[PDB]
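Every residue, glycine as well, gets a Cβ built from its backbone with ideal geometry; the counts of neighbours run over all protein chains shown. No lab work stands behind these numbers, since they all come straight from the coordinates.
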Ligand SMILES: Nc1ncnc2c1ncn2[C@@H]1O[C@H](COP(=O)(O)OP(=O)(O)O)[C@@H](O)[C@H]1O
Ligand SMILES: Nc1ncnc2c1ncn2[C@@H]1O[C@H](COP(=O)(O)OP(=O)(O)O)[C@@H](O)[C@H]1O
Ligand SMILES: Nc1ncnc2c1ncn2[C@@H]1O[C@H](COP(=O)(O)OP(=O)(O)O)[C@@H](O)[C@H]1O
């Protein structure tokens, strides 16, 4: 009753967070998943652990949801988000028992979050984009410690060629970017080096009889969801097309040979059995428009699409190589190899680096990882808390105290003592003016962070901190759960 | 088959219980009794003599260990740790056959090699004040607080260097620990000669005695009456009414005998005639004689009078009279000191000032007992260091080098005794490990560092119980006793063999 | 070891409430089934069934504290409890017990060396009855709230100021005599011990009194036995009256024949002596208890100055005054409706006299009411960041345990503790040492103590801090025992 439900919620949060507390870093301790069928599961990814496990407490369910969203939003750090949320709630437990309202606590947390957002940008080191040398250094730094160690060249070249092929200049300067409009073409065959990049959209569907001028010097794509029939006795679509005279028409169903000849008379190439998940990128790359009302038909129905079409047949597959289209917004990146067992994770890390590049365009800032950024922000909060007055200062210090959990876990899961190393790191970090030392993850030894050469994008760390703080305030703002079970 | 496993489990349990006591930085346990009074201590001897052990053979181990190592100074908990580790290491080989006799042969060969190694490692630096300081500090910081030990080291070392003049180690009577209950526990010094427990009812009789003559002889100022006639005072109480009288003539006889004794051997009211009574005395005759200059007191124990025989002089018979004053001796000062409410008589600067007593002012009973045990342990350790004349590098210095020597001695022995030798080395390796663990640092981090640096150092080297850094105990001041190591090794091997040779248990 | 820490924490918690002038008191029932109401924590502990050995030795430390100072024992208990709970969470962090011990020791030494830097000592001397009465009001106000503190300070201090000779004082000189009846406002102060006596046959002005101490108090054949018994009793009282005896003291009852015979001997037959009074009489008159009536001895015969009856207190009493010091003995007569508040009043009197004694032995006074506590906490926690190493955690935890005093003082007085703590700590940077808590306002308001005159002994707080640190250290360094 009353605060008891809050204590239960934060206890559930703490007991779900510490399950995968120890599984982040380059030496993550591995975990067991024992289904009640005798099977045994080998897993390191805490996200996979929580996805496989099931829990009944609704607060834990909401935290699972936020972890999944953060996984599907910016990329990595989900374990760090969960750990931060759990530690912040665990440290707020003491203040909840202190007979203070959750309102003052959450206000203090909000002010602390506002301070952290600024002090992160204060300490973040600038970075450059498209600078091959230290961009490749970042690739060897963070894009590594995955299964691309021996194959980092393909990942790096793919990322660097495909950074400038989904950029959207909607309201600024290429700051809008998506990782889904890119044409990833993951087909086995040949060597892994056969993967390449093309400026256009590729279709795995092709006409059964490509004995025709499938490519035109300036295709004018128009989306059409209707399927052509033999004739009106519908043929009227053929004359409707003839009115505006395009050269390429997309439909989702097959076209008969007689209908194919009718469309040849209509001076258009008919493409059949296309897919919506591919038609969307077709329209994005070609800027097509769909319209069927005769009154609304005008000169704007048909617009210029591709620039140089072509079709080849690689690996006995009916390919469709549209290249050099009008808009380099949905281009092609090829993915070939002997087997696909790792290339999926390769492309996942590719999209991770893609988010890295997109946020570098957003904010060219790197934060010193390995506990360096965490200790820097904790020190900034603790020194700023000296001037703060009132009861709300204690949470403003406890959030900083609980944020140092990341280096604590890094030191803990390498054998080294988690107390002496943390004390040495904190004591030397304060007297140091602008050093931002970060503990090595492998040896568990203190080292200046520039020498180690590890960094994270500013945006991803900022999002992790924001999500952790918002989860803390959301879980502390719950006053009761009784609505049934 | 299984009796061996039971003994192994009991020994491991005893070792685990006694793990967190070794070393000055090791934590201390506390003992609770049925009555309610509690004792707070860290020394292994008292812990094994006071613990209420469940397992029978664990009680056997404790009893035999205390009985054997009462001879040497200390090392009890280290011995228990080493025997437990020996048993565990032997079990790791017994679990796959390996009949215990072969392990016994390996243990005996390793004992011989370790004895020779200790013989050739022992350092015979000549005795001085500084080495005694170091030994006292090492033997005292492992039983009491840090600064209390630092204060007490000076007192104990000064007392011991005072004692050392006889060129022969003697103890017990010559060093006496007095106990009292002043609030300021910081007061702790040594007093030469003797200190008497208390005195009698005398208003400022002599105080500053200066030169004095000691006869004692259990004066009879309150000589025993004839009270006991039949049970108690019956209707025929005239016996206990009149026969109890007429014994005042004994008191007057003693008074006059002391009168001519004083004005025979002194000739003046000065030169206090020191006499004592084993029981109470009447204030009337007492102050009548004291006003003449006679130092008369009452109610003293035996140990003080036997010490007076060898440090002051004078015969002592309860039934007596004036006799030859040849046995009588002289005292430099018999000044009496009172702290608050109870009187102390300082019989100092006397003939043969070899006898010395130790003064402490503990606040309560348990701190007093711990201080007494700590100072006794320090005295025994420094006396043993005096006797051997060759101190050894402690802090695990001798143990790690012994282990290395045993490992390098492996191919020398034939048969399967090499397994026993290796287990013996791994068991002797426990001491630096327990030191590091009790200090707080990681076990194998410190152990690996120490072994790695000792590999090239050649000289012995220990562990610093402040940072985990390896340290040369010889140049710092950590020291142990040769006899302690000898007895520890021998008894450890004996008890390990005795336990390992067991085969089966039956009731009786 | 967490079992010992938790046990000591519960022990401290069960007496944390009774701290301060708003001590919200308890019920006391012992084995013989009395019912007392008391707020004095030292009074609470002495009938607590403490079984955990950690509790046994923490209350041993408390007893050592009261024997050296005389007040602040509840402060020692709560400080030790806070220290042990903070040590518990430090152990949960992963620190070793020895490192915590070292940090606590260095923090304690820092506290002792920083304490004398904020002392606002006494004004001029133990004299100036009004001034010292204003001084000695703080401890008695803590024991009993300000309803009667203004009268109590004068009543208690005026008695101890009677004999300011050669700068020496004794607490046992100022004893307390209780008289039932009228309210506390009718209390008074008198010279010489006051107690009940029975016979009024006493002359006002007397020469050197002769205190006769009673260690052991009181057809035809019937007439013969009665005559023999009466003659034997008359011989006994004649033997008592020998050696110039003029007064007697007895714990027995009066008899009409006995009182008549004593009166016609011109001796008052004083009876009804309390079971504690006789040792004090013997030790103050330089005599011992006579075994029976027939063996009195003039050598062990009581003499103080004289004996007479005092009507002060609306009752007839017996008074012995003008000892060898001629002014050393001075009791205090109290009035009250019942007896269940007499214990609290005499406890406040003791808490005044012992604080006066420690003022005599130390004329240095530091601000109270949460001032010195928060100041020392700020000093130690500021020094902690300067000191590197692993003792720093123990140093901050020591400061946090030190700052728990005003928290309890505010909480048990009604006001929310966190608001008071935060406001006091923030003010203390600018509103320096003399600031302190305000009892009166329900709102968490602060107020300077220099004008309020609420001060506590420097030496008392010094010894309390030292002994609390020693107790916490000696508790942390245990592992277990068979139980
Ligand atoms: N070589 C390294 N040295 C130190 N820390 C590292 C190293 N590599 C990675 N880390 C740490 O790992 C953390 C990122 O792990 P995380 O994003 O949680 O993985 P995932 O999100 O896939 O679970 C970073 O905070 C960084 O400090
Ligand atoms: N200052 C010190 N530094 C390192 N080791 C020490 C120090 N003082 C004592 N020791 C070690 O403690 C051991 C003795 O402790 P312990 O066995 O607990 O006492 P006891 O001899 O009573 O059993 C010695 O072997 C010595 O090496
Ligand atoms: N009017 C007051 N306002 C604030 N604090 C007070 C007041 N009166 C007493 N105190 C505090 O109460 C404490 C007295 O504690 P006390 O109850 O005497 O301990 P004990 O019961 O162990 O003798 C002092 O430290 C003082 O700071």
Check your understanding: If you take the Cα atoms of the stretch B:368-465, find Rg, then find the Kirkwood Rh from the mean of 1/r over all pairs, what is Rg/Rh?
Key -> 1.07
Review point. Based on the Kirkwood radius over alpha-carbon pairs, what is the Stokes-Einstein translational diffusion coefficient of the protein assembly as shown at 20 °C with 1.002 mPa s viscosity, in µm²/s?
Key: 52
Review point. How far is helix B:443-457 tilted off the main Cα axis of chain B, in degrees rounded to 10, range 0 to 90?
Key: 80
Exercise for review: May I ask you to give the average projected area over all directions of the convex hull of the Cα atoms of the stretch B:44-136, in nm² rounded to one decimal?
Suggested key: 8.5
**Study point:** Centroid-to-centroid separation of the stretch B:283-353 and the stretch C:409-483 [C-alpha atoms, Å]
**Key:** 56
Exercise for review: Calculate how steeply helix B:397-408 sits against the longest principal axis of the alpha-carbon atoms of chain B, using the helix alpha-carbon long axis, and give the answer as 0 to 90 degrees to the nearest 10.
Suggested key: 30
Exercise for review: For the stretch B:206-266, count the residues as N, evaluate 2.2 N^0.38 Å, and divide the Cα radius of gyration by that value, please.
Suggested key: 1.63
Check your understanding: Which FRET efficiency value, to the nearest 0.05, do you get for residue C:233 and residue B:279 by plugging their Cβ-Cβ distance into 1/(1 + (r/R0)^6) with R0 = 35 Å?
Key -> 0.35
**Study point:** Once the Cα gyration tensor of the stretch A:127-207 is diagonalised, semi-axes √(5λ) in Å
**Key:** 24, 22, 9
Revision key, fill the gap. Exposure proxy check on B:150, C:172: fewest-to-most Cβ neighbours within 10 Å is C:172, B:150
Check your understanding: If you bin every alpha carbon distance in chain B into 20 Å steps from zero, what whole percent lands in each bin?
Key -> 20, 40, 26, 13, 1
Exercise for review: With a/c under 1.5 counting as rounded, go ahead and sort the stretch B:180-293 into rounded, prolate or oblate using the C-alpha gyration tensor (a ≥ b ≥ c being the square roots of the eigenvalues; past the cut-off, prolate if a/b is larger than b/c, else oblate).
Suggested key: oblate
Exercise for review: Note the direction-averaged projected area, equal to a quarter of the hull surface, for the Cα convex hull of the stretch A:47-133, in nm².
Suggested key: 8.7
**Study point:** Where only alpha carbons of the stretch A:280-418 are counted, the Rg and the Dmax (Å)
**Key:** 26.9, 78
Check your understanding: From Cα coordinates alone, what are the radius of gyration and Dmax values for the stretch A:1-78 in angstrom?
Key -> 14.0, 43
Study note, to complete from the structure: Note on the protein assembly as shown, DSSP bridge orientation, antiparallel percent to nearest 5 equals 65
Review point. Which whole-number value in Å³ per residue fits the convex hull of the alpha carbons of the stretch C:268-427?
Key: 236
Check your understanding: What ranking, highest mean first, results for peptides B:186-197, A:465-476, A:118-129 when packing means the other Cβ atoms within 10 Å averaged over each residue?
Key -> A:465-476, B:186-197, A:118-129
Study note, to complete from the structure: Quick numbers on the stretch C:9-153, Rg and Dmax over C-alpha atoms in Å, give 18.5, 57
Check your understanding: Compactness ratio of the stretch B:295-434: Cα Rg over 2.2 N^0.38 Å, N = residue count?
Key -> 1.84
Practice item. Would you give the gap between the C-alpha center of the stretch A:154-227 and the C-alpha center of the stretch A:228-268, rounded to a whole Å? Key: 26
Review point. Given just the C-alpha atoms of chain C, how large is their convex hull per residue in cubic angstrom?
Key: 186
Check your understanding: Tell me, what does the Kirkwood hydrodynamic radius of the stretch C:228-355 come to in angstroms if you use every pair of distinct C-alpha atoms?
Key -> 16.9
Revision key, fill the gap. Computed Rg/Rh for the stretch C:333-483 (Cα atoms; Rh = Kirkwood radius) stands at 1.04
Point to revise | At 0.890 mPa s and 25 °C, Stokes diffusion of chain A via Kirkwood alpha-carbon radius, µm² per second | key: 94
Check your understanding: At each listed q (0.18, 0.19, 0.21, 0.24 Å⁻¹), what is the log10 of I(q)/I(0) that the Debye formula gives for the stretch B:113-193 modelled as equal alpha-carbon point scatterers?
Key -> -0.93, -1.00, -1.13, -1.27
Review point. Using the alpha-carbon centroid of each, what span in Å lies between the stretch B:369-422 and the stretch B:140-186?
Key: 25
Practice item. Return the Cα extents of the stretch C:139-181 along principal axes one, two and three, sorted largest first, each rounded to a whole Å. Key: 35, 23, 14
Revision key, fill the gap. With bins of 10 Å, the percent of all Cα-Cα pairs of the stretch B:183-222 per bin from 0 is 15, 45, 29, 10
Check your understanding: What is the helix-to-structure angle for B:482-500, meaning the angle in degrees between its Cα long axis and the longest Cα principal axis of chain B, kept from 0 to 90 and rounded to the nearest 10?
Key -> 60
Check your understanding: Can you work out the base-10 log of I(q)/I(0) for the stretch B:415-481 at q = 0.24, 0.26 1/Å, using the Debye formula on its C-alpha atoms alone?
Key -> -1.08, -1.18
Check your understanding: Roughly how many nanometres apart are two label points built 7 Å out from the Cα toward the Cβ at residue B:207 and residue B:162?
Key -> 2.5
Revision key, fill the gap. In whole Å, largest first, the alpha carbons of the stretch C:331-392 cover along the principal axes 60, 27, 18
Study note, to complete from the structure: the stretch A:139-280: spread of alpha-carbon positions along the three principal axes, whole Å, largest first, is 67, 42, 25
Point to revise | the stretch C:408-468 - convex hull of the alpha-carbon atoms, volume per residue in Å³ | key: 103
Review point. What ranking do B:28, C:233, A:135 get, fewest neighbouring Cβ atoms within 10 angstrom at the top?
Key: C:233, B:28, A:135
Review point. Which order do peptides C:301-314, C:440-453 fall in by mean Cβ count within 10 Å, highest first?
Key: C:301-314, C:440-453
**Study point:** the stretch B:1-97: Cα Rg divided by the 2.2 N^0.38 Å rule of thumb
**Key:** 1.15
Revision key, fill the gap. Here the averaged projected area of the stretch A:4-155, based on the convex hull of its alpha-carbon atoms and given in nm², is 12.6
